[PDB]
């Protein structure tokens, strides 16, 4: 069972993790290719009613929320997706833990919403195929006040503190966990960021962050336990070389 960090490498057990087009990456906005074909993201069905409830589980590597059928996400013509699940990556006290970085800057945490192309019917069919999976990624930053949407999930972490434990949470507005600016993002082709590291994943990284209180960020990083009896912390993969890939930007960066 793979773990975050070390020692031992990931490719010893999962060779595809040594592929050339892996995620996450460092984003350098002044060097991204401006692409006016990248239009605002379109989501539908993300505002869920309270019932039915959704599964929330500590899998030892993250906390993962299973999404119900019917959430649709469109990256552009020919690029339509159904949402499957979301999960988080974080650091520890006084240490950030986002997966993507911007000019080498690491943010406190990161949310990933994983989607399946409408071209397939099962995740296993889509693994490794160009565009088969798409992930929406947003950075979580510290703001002054409590984020009410995130509190619906963060208040439930204590009951799933032990690795492998699960609970049920009321339906909520999944789009309220994401930034409000759907027009400004970066996009590139990469991989799953855990084994088996399958390539072909379309990554979309919002430029705008979401704000959580200091207490909420502490709740996220300090509540859960992983394998053995190590704290579930620093659960992010190191950034990977672009190897000639171009990151596109849906907007002009771009001055400083």
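Numbering follows the first chain given and starts at 1.
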Worksheet item: Looking at the entry, does 142 to 150 or 112 to 120 show the higher mean C-alpha B-factor?
Response: 142 to 150
Worksheet item: Comparing 126 to 134 with 79 to 87, which stretch shows the greater average C-alpha B-factor in the deposited entry?
Response: 126 to 134
Practice prompt. For residue 231, return the chain-relative third of its C-alpha B-factor as stated in the PDB record: lowest, middle or highest.
Written response: highest
Discussion item. Taking only the Cα B-factors deposited for this chain, tell me whether residue 160 sits in the lowest, middle or highest third.
Written reply: middle
Worksheet entry | Assigned third (lowest, middle, highest) for the C-alpha B factor of residue 240 | middle
Item to complete: Quick one: classify residue 94 as lowest, middle or highest third of the chain based on its Cα B-factor.
Response: highest
Fill in: Assigned third (lowest, middle, highest) for the C-alpha B factor of residue 17
middle
